[PDB]
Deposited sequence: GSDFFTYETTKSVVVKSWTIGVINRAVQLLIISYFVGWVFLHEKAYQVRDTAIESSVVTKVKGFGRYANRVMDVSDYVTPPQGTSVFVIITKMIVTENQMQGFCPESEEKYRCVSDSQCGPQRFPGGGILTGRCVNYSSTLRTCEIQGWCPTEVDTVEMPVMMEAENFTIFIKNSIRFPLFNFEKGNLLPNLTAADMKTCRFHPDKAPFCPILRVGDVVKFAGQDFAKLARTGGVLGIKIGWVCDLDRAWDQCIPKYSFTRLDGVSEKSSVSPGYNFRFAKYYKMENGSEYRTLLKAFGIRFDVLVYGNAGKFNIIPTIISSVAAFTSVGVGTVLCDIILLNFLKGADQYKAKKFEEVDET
């Protein structure tokens, strides 16, 4: 009975190794998904509350949006020549800056004036590096993410709005309610291992990943999404700043421009999926390989038992 027991044990182990790793259930990874993101929540920046229309830069609500948390405004920028207001651009001789100095505000002319050598262009350049406050109440904003995915190979359409496992006081917590699509901005920042104060002050590119890992052999309700968070702006000047320009020409001839530098927390929504469904061909391939492996194991077992090595 030793040979039968040993071959049964070998076959059982081979089956465990195969079906545990899903040798069958051909896998599809080309998930086609659509994301609709909507921000809700109000906050104050200077002396005035700002609704959703203000801070979020892309109003459509695409896969990628920006939550603006700090604004630096430079108004009435006129064309001309003038020195730069930054420290690092010190000029002691007229030959210091030429076709070797990286421009910071405009095209250089090869001169030197007192405030720094003359960049040409928008004269009142950004006086940056100040103690401007941040939209602290943005720590309490909420993001509603409606994600609709469709695995094409198996024709499997699904969405994250699962009605079983209200939407007015629920948040997203991976422990209590890991299924509500409403993500608190403070919660997203905290779950990424980041302090919110520094992230809002300097800016960063967070990322929300919706892993659609499902086993289609089970029921339709079993396919559930998993939310994860990360930061994708780590080097090893870190930050995320971007500028809008609004132009106007007053009737007295001069051409003006106001420049708004925004430090925000850009959110990226990345959808990844991996769905495995049972298919005849991989099942046959795996069964044949398992049979041959069991045969090889049986051929080796008697030899190793007889030789005790």
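- Gaps between the deposited sequence and the modelled coordinates occur at 1 to 22, 138 to 142, 193 to 195, 267 to 271, 345 to 361, listed in sequence order.
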